[PDB]
Amino acid sequence: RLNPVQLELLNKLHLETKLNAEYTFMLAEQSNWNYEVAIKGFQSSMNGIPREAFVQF
């Protein structure tokens, strides 16, 4: 599980990256859960984040 903060982040970043939140937390976890870094992360390679992740937003 995650902390309440990582939780909020998972949801927030799901919203920021619009990745199905599993890919979001995948990203968000490889990105230390520092938000902006997963922002940098997905949005560094957002053409390569599969559309199952990029979803219908």
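- Looking at the entry header, you'll see solution NMR listed as the method.

- Per the PDB entry, the protein goes by the name mRNA export factor MEX67 and belongs to Saccharomyces cerevisiae.

## Some words on the overall build of the protein
Here is step 1: Each helix and strand in the protein was counted, giving 4 helices and 0 strands.
Here is step 2: Listing every helix and strand of the protein by position from the N terminus yields α-α-α-α.
Here is step 3: The C-alpha atoms of the protein give 10 Å as radius of gyration, which agrees with the globular expectation for 57 residues (10 Å, within 12%).
Here is step 4: Out of the 57 residues belonging to the protein, those deemed buried represent 33%.
Here is step 5: Relative to all contacts within the protein whose residues are 6 or more apart in sequence, the contacts with residues 24 or more apart total 44%.
Here is step 6: Put simply, the protein shows about 4000 Å² of open surface, and 50% of that area lies on carbon and sulfur atoms.
Here is step 7: For the protein, the distance from the average site of its 5 positive side-chain charges to the average site of its 6 negative ones is 4 Å.

## Observations regarding helix α1 (residues 4-17)
Here is step 1: With 14 residues, α1 should cover 20 Å at 1.5 Å per step; its first-to-last C-alpha distance of 19 Å lies within 8% of that length.
Here is step 2: Within the sequence span of α1, burial applies to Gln 6, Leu 9, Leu 10, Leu 13 and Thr 17. Seen from one end, α1 has its buried residues packed into an arc of 105 degrees, which puts them on one side. In α1, the exposed positions angled more than 90 degrees off the buried face are occupied by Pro 4, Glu 8 and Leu 15.

## Focus: the nonpolar core
Here is step 1: In this structure, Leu 13, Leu 19, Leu 27 and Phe 42 are the most contacted members of the largest nonpolar core, which totals 14 residues.
Here is step 2: Those elements giving two or more residues to this core turn out to be α1, α2 (21-30), α3 (36-44) and α4 (51-54).
Here is step 3: The residues contacting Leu 27, other than those within four sequence positions of it, are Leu 13, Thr 17, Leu 19, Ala 38, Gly 41 and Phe 42.

## Description of the side chain of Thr 17
Here is step 1: Among the structural elements, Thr 17 can be located in helix α1.
Here is step 2: Note on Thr 17: relative accessible area 0%, which makes it buried.
Here is step 3: Aside from chain neighbours lying at most four places away, what touches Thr 17 is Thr 24, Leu 27, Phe 42 and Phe 54.

Rules used throughout
Each chain has its residues counted from 1 in the order its sequence is written, and this count may differ from the entry's own numbering; any residue lacking coordinates is left out. Side-chain metrics rest on all non-hydrogen atoms present in the structure, leaving aside hydrogens and water. Labels follow the DSSP assignment, with helices taken as runs of H or I lasting at least four residues and strands as runs of E lasting at least two, numbered in each case from the N terminus. Throughout, the radius of gyration refers to the C-alpha atoms, and the reference size of a globule is 2.2 Å times the residue count to the power 0.38. Whether a residue is buried, partly exposed or exposed follows from its accessible area with a 1.4 Å probe, protein chains only, as a fraction of its type maximum: under 20%, in between, or over 50%, in that order. Here a residue-residue contact requires only that any non-hydrogen atoms of the pair lie within 4.5 Å. Every accessible area reported is derived by Shrake-Rupley at a probe size of 1.4 Å, with residue values counting cover from the shown protein chains alone. All tallies of charge rest on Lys and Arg as positive and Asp and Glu as negative; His and the ends of each chain are not included. Just so you know, the charge point we use is NZ for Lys, CZ for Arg, CG for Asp and CD for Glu. The span expected for a helix works out to 1.5 Å for each residue beyond the first. Each direction from the helix axis to a C-beta atom contributes to the arc, which is the arc of those directions. Side-chain atoms within 4.5 Å are what join buried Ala, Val, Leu, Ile, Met, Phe, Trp, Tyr and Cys residues into a set we call a nonpolar core.

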